[PDB]
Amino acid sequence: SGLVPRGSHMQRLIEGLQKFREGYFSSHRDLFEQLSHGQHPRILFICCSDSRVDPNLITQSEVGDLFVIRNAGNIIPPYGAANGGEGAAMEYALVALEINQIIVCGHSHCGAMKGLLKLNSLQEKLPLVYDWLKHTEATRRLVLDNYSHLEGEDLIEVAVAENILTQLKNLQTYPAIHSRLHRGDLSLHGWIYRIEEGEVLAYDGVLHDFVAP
């Protein structure tokens, strides 16, 4: 009986689907026919679930190019630490799809990172988030131990950057990655997407900093 305020969102989404069907799909039938025969992505793109991040949009990629993992905080647990989807998706990308490029892309104003900086406060209302963030506890420990001089937005920014670097260390513990890095076949990349400025900063191992590509 009466007002149920969630319904407009679904109507809108279905209208948007019809617009895709009538618009982009209708002008790209050959592309979708070709793709239906198989995916051949060349990039594994790991990024946050945050609704403000669209990997295809910011890279102006066409459908078929990016095999994408999305979770809160763009975290890849150390090998063997977790039995969710992250390790399996990465493995499929590298072993079945033969991808040779992995990007860990974090972003400004990340909610997972804000949470990480107030971790104990999450237990009560966000218990699964609290447990999940333990897979990036190395970030938290490094940030709390070494960056106390920072506050506010500067501190969140450092947490976003350090979290990406933690995931690169975590990735190095997976068998498929360790083997292929020996082979010399595979490259890892760390990116920060700055939402307000529409830009990406990439980690440069010589400068030990995230800088414009």
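In case it trips you up, residue 1 is the first one in the sequence shown, and so on.
197 to 205 and 13 to 21 differ in mean CA B-factor, and the higher of the two is recorded for 197 to 205.
Mean C-alpha B-factor is higher over 113 to 121 than over the other stretch, the pair under comparison being 127 to 135 and 113 to 121.
Highest CA B-factor among 178, 42, 70, 169, as stated in the entry: 42. Note on the listed residues 46, 159, 186, 66: the highest Cα temperature factor in the record is that of 186.
For residue 32, the recorded CA temperature factor ranks within the highest third of the chain's modelled residues. Annotation for residue 53: C-alpha temperature factor in the middle third relative to the rest of the modelled chain, per the entry. Sort the modelled residues of the chain by CA B factor and residue 146 lands in the middle third. For residue 26, the recorded CA B-factor ranks within the middle third of the chain. Only modelled residues enter the ranking.
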